[PDB]
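Peer 1: Pasting a structure below so you can have a look.
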Amino acid sequence: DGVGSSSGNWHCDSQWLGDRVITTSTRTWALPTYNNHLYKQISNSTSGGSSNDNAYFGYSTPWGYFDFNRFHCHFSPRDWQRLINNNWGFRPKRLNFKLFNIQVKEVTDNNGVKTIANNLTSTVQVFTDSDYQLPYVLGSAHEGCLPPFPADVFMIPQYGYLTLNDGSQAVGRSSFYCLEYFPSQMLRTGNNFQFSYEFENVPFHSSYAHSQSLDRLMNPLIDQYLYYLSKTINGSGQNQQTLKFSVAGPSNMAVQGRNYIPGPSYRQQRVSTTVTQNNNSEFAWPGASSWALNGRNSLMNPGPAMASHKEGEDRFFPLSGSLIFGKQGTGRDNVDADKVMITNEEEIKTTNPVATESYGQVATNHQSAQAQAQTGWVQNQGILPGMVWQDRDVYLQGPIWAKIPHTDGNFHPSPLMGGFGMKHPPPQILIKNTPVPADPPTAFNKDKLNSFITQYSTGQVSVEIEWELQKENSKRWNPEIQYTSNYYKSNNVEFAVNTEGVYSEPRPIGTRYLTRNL
Amino acid sequence: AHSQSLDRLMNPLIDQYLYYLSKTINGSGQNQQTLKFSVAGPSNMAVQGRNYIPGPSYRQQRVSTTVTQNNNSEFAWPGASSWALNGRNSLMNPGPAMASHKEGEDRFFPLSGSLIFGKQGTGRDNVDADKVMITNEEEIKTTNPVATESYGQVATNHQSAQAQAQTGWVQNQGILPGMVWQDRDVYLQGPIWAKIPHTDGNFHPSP
Amino acid sequence: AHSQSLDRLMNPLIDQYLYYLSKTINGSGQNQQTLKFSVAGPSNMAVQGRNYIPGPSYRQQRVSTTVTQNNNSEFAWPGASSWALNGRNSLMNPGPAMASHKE
Amino acid sequence: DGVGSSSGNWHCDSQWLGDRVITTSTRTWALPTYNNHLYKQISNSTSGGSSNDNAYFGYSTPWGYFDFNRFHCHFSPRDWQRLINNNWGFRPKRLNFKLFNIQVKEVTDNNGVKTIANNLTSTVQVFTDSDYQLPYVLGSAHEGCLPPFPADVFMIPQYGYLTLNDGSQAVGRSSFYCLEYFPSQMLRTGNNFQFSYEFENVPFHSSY
Amino acid sequence: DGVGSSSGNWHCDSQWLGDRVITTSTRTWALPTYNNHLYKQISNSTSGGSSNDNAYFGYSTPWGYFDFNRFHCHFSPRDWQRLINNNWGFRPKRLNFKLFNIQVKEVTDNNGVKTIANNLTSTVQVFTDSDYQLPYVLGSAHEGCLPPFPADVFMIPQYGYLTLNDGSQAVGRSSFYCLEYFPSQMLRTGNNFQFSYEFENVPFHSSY
């Protein structure tokens, strides 16, 4: 309530209860003044003329949103280990966002060297997007989330949305949202801000790799009465055409009545990490699989949850069907293969089909006396009755939520990049420094002022997401697979800082390590 | 068994206002290309606005109980329809509920898309056709598609002034919005229940 | 009518950590086959991780109101898209909700 | 109540009810010191000799008035669309003027480059003209109203009235109002000011 | 509770009772920012290659621990004389740690000569290690304890632990503790921190 006190206590503990884990977090933000307090618009021609596919018309507001979407914002790697090695699933229940210890510094470059003088009276304003009236930018896997290692300082991102476009031009129904319009709360040097949100009833996330291949769901000792056609040419004669049935049994496990069939598929190109086997010709974009909307092709990235590779072929991976995180200290453009982290989806090869394999043959013509039966592969297969499948994994570096588009008809709105799909995700938290004009002229001027005091702000942030957590009771006898840290000498402990002090996450941690039978 | 074929859900006395494209070449001239619409009605019941469409499909080979018509070459396994999981092909047996045969063709049946029970005192391996019981699914030919017939054509290219419109058949068709279908029959010799696999996402888990 | 194209649901200022395969032939050599990833970002909006994908489809013939561009040959019934039930073809009319034309 | 707190929350929402629309607004002002704190008089000869028609005798007080007369101060264009497309008429009923988060900076040009150092103790004073004793300058379509787009900063106008004149000279009944005379309220770095006004029973404006 | 007040009174008396001696103490600390707020690791090769015996792998956290382990922190030599000349033994029962009058200065070397300008809004954070989850570095006879003569100013030490090692390399079970993880309490210019601890039933120390 005053400039000589703190508005909150740094809180960063991670409690554990019988079936709920509360994971508080806190980082030190530093928000500059974006776009010099102007609502510029951005188009592809403005940012350099590009192809029709990479066309976008949108505005770049001066506000910055607080991003705490990625998992590693909340879960320290040990806590993530405790959550993946011991639980069949988890889901978030509520959060408690706090923002305190606001400092508003003023940077003056009037002298030769800038001096960061404090500014007690200046105000920085925040507001939740409680009704989701603005476009949603979280959940689209945008960098700038809360940094993983608490002892570092992160810069607040910048909030710029996109609307309808026609090339570089805007259709007249391209609504332009103004952020000053929303009722914002102004915060001084000693104020603080807090809102409590309750998560929607999102279903439990799967955290178990199935230990029973779907096409092996049956016991191998008793043969079902469902016969099956076995022979059609009972020999080699010119006119030998009979119909010999036979009982389907464990001797021939493949062809036999199965209640359920594997999930949907969308064929993806086969690209191998061993650079020798890949085709010499360039096939990054031209060979990939894309869906066309409004006449502009856009890459799948990553499509419905599928299996990265069949058993025993680790070197492969779908071209654009797997999340590919970047290692610490990795460049932006044209980074070699070894400096980028590829996530394989071999945990759900049991149920879902193989991402780089045709779903299966379907007979086209008629097995007539004059035309041989013909089978054409199914490259893509929409969902069918009786079809079961498992959604994509979430990784410690992966996202949590994503706002389901507010459309009439959607099917299984689990976001494709992995996570939880909610109609009302946790709202955005937009923050901007209230502009303070420097020295207006002593004569009137019917014009908006264009000389502001160069300033920024800094403080803390706190997020307390409480996760529901479903314990496991399985009668697996042999030791179930669990995630562990290799006990081999190395120059650096994994998930810990090196000599320079940069926090490096060496590998992505999927949350499918336990087992649960079909 | 539904007593009203899905593509005949409409009364045959009143024609709906939904027009439909009827003629494109209004004659035989080299450069005669017009667009003549016409009202869809009971005179032409086929092409007319329909709210709902028949259920999913997975094309199955056409094998006939009359042993003469079947192809001489062996096609039991190589010609059948299978789904690949973990790199090992496995026969469908019997796939989503479909219609064993169109009206009037009882001798046919999908190769591996119908429960085939065994009669009393039937051997295990290489049993002739007459000693094994085949279940036909002609009870749901109204709603579900025909198991041994392509779901339907879909236009691929553009009906341009230089390229003729082309239609390629749909061998397999995942479910679409507005699609209705009927599940498989249960028989006195058939099963009752089946444990739904404990996976995150399944659709209509009727075994 | 939705004012946000589904393939443009993301903000154009921050690039997601989801990489994507970018180059396979890193030049023009006979035996040059590498795997160069790159970060997906607003510079290349198309190929990038998207949670949701557009709805179902059933390809329909392209017929133009300008009578000149349409094919000379008759294609009203023979070229249309129909679903077969009980062995009798019947026209779609109008099929699942789709977009009549691109922008 | 202190220099380490805010005197108000930025409020700019525009609610809608069954038959009343409440249109709050907010902008960031920046008021300099006019006329070096002197009550100069202005005449046409002072501002360059002109014709008889363009003759005026008046004083240019150092005070600045808050102008929120133009419509676009309150109604965002979408809100104006909702009000013209759906209503036969409208009339204002009451307002609630607030003024908060006062900062009083001090600009010193003693150095070569001016440095805007903060000034905690300085006071800026406001007062409503509740009895309309001063000449009325709003409502004559003068620029300087609240700017339309909220995210910009506007400069407070300057208050200078006009009285009776004869050419460039003043008839002896040309009353000279002094603004120090009115009971003003002084505001420090952490104070705030607020007055609630009720509109007269003005008839409905035609919107058809 | 404000920047214009003190958060505690300098207390340094040493009372004496029938059979309990209470020895309060107080010194003026001065804590810099260590390792530029980074969690570097340190190995013998990093600090110059040495023999196998002098091998160590550990991290040098930016936190500083308060050390009051040595006796002369508490007992003035006269008090120590009164305690050794008259008592067969002693043992500690409880302590009451206080930390007040926090000042957070900002050193700027932008000019040629550094100027130590005060910084009212900055925060310095403390927390007790109540559950002993971190490695224990006190009690190993490390310098930097509270200085003996009260009228001097001591610099807070730096907290860096050691874990398992193999030469200069770390076995995979070499847990790396991060100090941001513990629930810390943030203190402004006018706040203060205090925790009361009770000593275990340690047996009487021989003094004979």
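By convention here, the chains of the structure tokens are called A, B, ... in the order presented, each chain's residues are numbered starting at 1, and ligands are numbered starting at 1 in the order presented.
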Mind listing as an MDAnalysis selection string which residues of chain B are within 6 Å of chain A, counting only C-alpha atoms?
Peer 2: chainID B and resid 56 59:62 67:74 76 81:87 90:91 93:94 115:117 124:129 171 174:175 197:207
Peer 1: Could you make a table, as a tab-separated table, of the residues of chain D that have an atom within 12 Å of an atom of chain E, each with its nearest atom pair and distance in Å to one decimal, counting only C-alpha atoms, in chain and number order?
Peer 2:
```
residue	atom	partner	partner_atom	distance
D:2	CA	E:2	CA	11.2
D:3	CA	E:2	CA	11.8
D:4	CA	E:121	CA	10.0
```
Peer 1: Would you kindly return, as a PyMOL selection string, each protein, DNA or RNA residue with an atom no farther than 12 Å from any atom of residue 342 (chain A), considering only C-alpha atoms and excluding same-chain residues fewer than 3 positions away?
Peer 2: (chain A and resi 272-273+308+314-327+337-339+345+395+397+506-510) or (chain C and resi 17-21+35+37-38)
Peer 1: Go ahead and save the residues from that selection, with C-alpha atoms, as a compact mmCIF listing (two decimals), in the first residue's frame.
Peer 2:
```txt
# COMPACT_ATOMS: atom_id res chain seq x y z
CA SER A 272 15.01 -40.40 -42.01
CA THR A 273 17.43 -38.85 -39.54
CA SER A 308 5.97 -41.73 -35.48
CA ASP A 314 13.77 -45.27 -34.64
CA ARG A 315 15.70 -43.37 -37.32
CA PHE A 316 12.49 -42.43 -39.16
CA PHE A 317 9.97 -39.71 -38.30
CA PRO A 318 7.02 -38.08 -40.11
CA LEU A 319 8.03 -35.00 -42.06
CA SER A 320 5.58 -32.56 -40.46
CA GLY A 321 3.72 -34.69 -37.95
CA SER A 322 5.73 -34.43 -34.75
CA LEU A 323 6.53 -31.61 -32.35
CA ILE A 324 10.19 -30.64 -32.83
CA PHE A 325 11.48 -28.59 -29.90
CA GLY A 326 14.70 -26.60 -30.04
CA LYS A 327 17.62 -27.25 -27.71
CA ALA A 337 19.73 -31.91 -37.21
CA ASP A 338 21.79 -32.57 -34.09
CA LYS A 339 20.95 -29.19 -32.50
CA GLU A 345 5.53 -41.04 -30.77
CA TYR A 395 5.92 -32.97 -23.10
CA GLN A 397 8.39 -28.42 -23.00
CA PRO A 506 18.80 -32.01 -22.94
CA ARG A 507 15.85 -34.19 -23.96
CA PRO A 508 12.05 -33.87 -24.04
CA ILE A 509 10.18 -35.78 -21.35
CA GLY A 510 7.01 -37.45 -22.55
CA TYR C 17 9.24 -23.84 -30.44
CA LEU C 18 7.81 -26.60 -32.65
CA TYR C 19 10.47 -27.01 -35.32
CA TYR C 20 9.73 -28.46 -38.75
CA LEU C 21 11.75 -30.20 -41.44
CA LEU C 35 18.03 -32.95 -42.65
CA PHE C 37 15.23 -28.24 -39.35
CA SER C 38 14.11 -24.66 -38.75
```
Peer 1: Got a sec to pull out which chain C residues are within 7 Å of chain B, counting only C-alpha atoms, and send them as a PyMOL selection string?
Peer 2: chain C and resi 56+58-63+65+67-76+79+81-87+89-94+96
Peer 1: Take the selection from the previous step and output its residues with N, CA and C atoms, as a short mmCIF file (atom, residue, chain, number, x, y, z; two decimals), in the first residue's frame.
Peer 2:
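For reference, part-v6.cif as written:
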```cif
data_model
loop_
_atom_site.label_atom_id
_atom_site.label_comp_id
_atom_site.auth_asym_id
_atom_site.auth_seq_id
_atom_site.Cartn_x
_atom_site.Cartn_y
_atom_site.Cartn_z
N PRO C 56 -14.93 -31.88 -42.46
CA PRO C 56 -14.97 -32.94 -43.48
C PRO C 56 -15.17 -32.36 -44.86
N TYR C 58 -16.30 -33.46 -49.21
CA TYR C 58 -16.79 -34.39 -50.23
C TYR C 58 -16.72 -33.63 -51.55
N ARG C 59 -15.70 -33.92 -52.35
CA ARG C 59 -15.40 -33.11 -53.52
C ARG C 59 -16.61 -33.00 -54.44
N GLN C 60 -16.90 -31.78 -54.88
CA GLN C 60 -18.04 -31.49 -55.73
C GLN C 60 -17.55 -30.83 -57.01
N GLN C 61 -18.26 -31.08 -58.10
CA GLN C 61 -17.83 -30.60 -59.40
C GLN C 61 -17.87 -29.08 -59.46
N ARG C 62 -16.95 -28.51 -60.24
CA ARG C 62 -16.81 -27.06 -60.39
C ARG C 62 -17.60 -26.62 -61.60
N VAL C 63 -18.73 -25.95 -61.38
CA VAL C 63 -19.55 -25.42 -62.46
C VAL C 63 -19.71 -23.92 -62.26
N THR C 65 -21.19 -20.03 -63.17
CA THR C 65 -22.37 -19.32 -63.66
C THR C 65 -22.11 -18.65 -65.00
N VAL C 67 -21.50 -19.02 -68.44
CA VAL C 67 -21.75 -20.22 -69.23
C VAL C 67 -20.64 -20.54 -70.21
N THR C 68 -19.70 -19.63 -70.43
CA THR C 68 -18.65 -19.87 -71.41
C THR C 68 -17.62 -20.86 -70.89
N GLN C 69 -17.25 -20.76 -69.62
CA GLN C 69 -16.15 -21.57 -69.09
C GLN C 69 -16.54 -23.03 -68.89
N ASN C 70 -17.82 -23.33 -68.71
CA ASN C 70 -18.23 -24.70 -68.46
C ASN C 70 -17.94 -25.58 -69.67
N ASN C 71 -17.70 -26.86 -69.40
CA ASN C 71 -17.38 -27.81 -70.46
C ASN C 71 -18.54 -27.93 -71.43
N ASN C 72 -18.20 -28.11 -72.71
CA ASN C 72 -19.23 -28.25 -73.74
C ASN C 72 -20.04 -29.52 -73.53
N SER C 73 -19.38 -30.62 -73.17
CA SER C 73 -20.08 -31.89 -73.01
C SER C 73 -21.05 -31.82 -71.84
N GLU C 74 -22.12 -32.59 -71.94
CA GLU C 74 -23.13 -32.61 -70.89
C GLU C 74 -22.58 -33.30 -69.65
N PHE C 75 -22.70 -32.65 -68.50
CA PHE C 75 -22.16 -33.20 -67.27
C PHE C 75 -23.06 -32.97 -66.06
N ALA C 76 -24.36 -32.77 -66.27
CA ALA C 76 -25.26 -32.51 -65.16
C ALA C 76 -25.32 -33.69 -64.20
N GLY C 79 -21.45 -36.23 -64.18
CA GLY C 79 -20.27 -35.72 -63.53
C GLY C 79 -20.46 -35.43 -62.05
N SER C 81 -21.60 -35.85 -57.96
CA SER C 81 -21.18 -36.75 -56.90
C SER C 81 -22.40 -37.32 -56.20
N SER C 82 -22.47 -38.64 -56.12
CA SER C 82 -23.64 -39.32 -55.59
C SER C 82 -23.21 -40.43 -54.65
N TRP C 83 -24.09 -40.76 -53.70
CA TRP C 83 -23.87 -41.89 -52.81
C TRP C 83 -24.81 -43.02 -53.19
N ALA C 84 -24.28 -44.23 -53.20
CA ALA C 84 -25.03 -45.41 -53.61
C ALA C 84 -25.61 -46.09 -52.38
N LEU C 85 -26.91 -46.35 -52.41
CA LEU C 85 -27.59 -47.11 -51.37
C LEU C 85 -28.49 -48.13 -52.04
N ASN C 86 -28.37 -49.39 -51.61
CA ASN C 86 -29.19 -50.49 -52.13
C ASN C 86 -29.05 -50.65 -53.64
N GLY C 87 -27.93 -50.18 -54.20
CA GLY C 87 -27.67 -50.34 -55.61
C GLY C 87 -28.24 -49.28 -56.52
N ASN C 89 -28.03 -45.28 -57.36
CA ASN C 89 -27.34 -44.03 -57.10
C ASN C 89 -28.34 -42.90 -56.87
N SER C 90 -28.00 -42.00 -55.95
CA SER C 90 -28.84 -40.85 -55.66
C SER C 90 -27.95 -39.65 -55.41
N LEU C 91 -28.34 -38.51 -55.98
CA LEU C 91 -27.50 -37.32 -55.94
C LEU C 91 -27.32 -36.84 -54.50
N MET C 92 -26.17 -36.21 -54.25
CA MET C 92 -25.83 -35.76 -52.91
C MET C 92 -26.80 -34.71 -52.39
N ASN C 93 -26.80 -33.51 -52.99
CA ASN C 93 -27.85 -32.52 -52.78
C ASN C 93 -28.22 -32.31 -51.32
N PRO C 94 -27.42 -31.58 -50.53
CA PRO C 94 -26.20 -30.85 -50.87
C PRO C 94 -24.93 -31.34 -50.18
N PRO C 96 -22.41 -32.60 -46.86
CA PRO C 96 -22.01 -31.92 -45.63
C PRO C 96 -21.67 -30.47 -45.90
#
```
Peer 1: Using only C-alpha atoms and a distance of at most 7 Å, pull out the residues of chain C that contact chain A, as number ranges by chain.
Peer 2: C: 3-5, 7-8, 10-25, 30-39, 44-52, 102-103
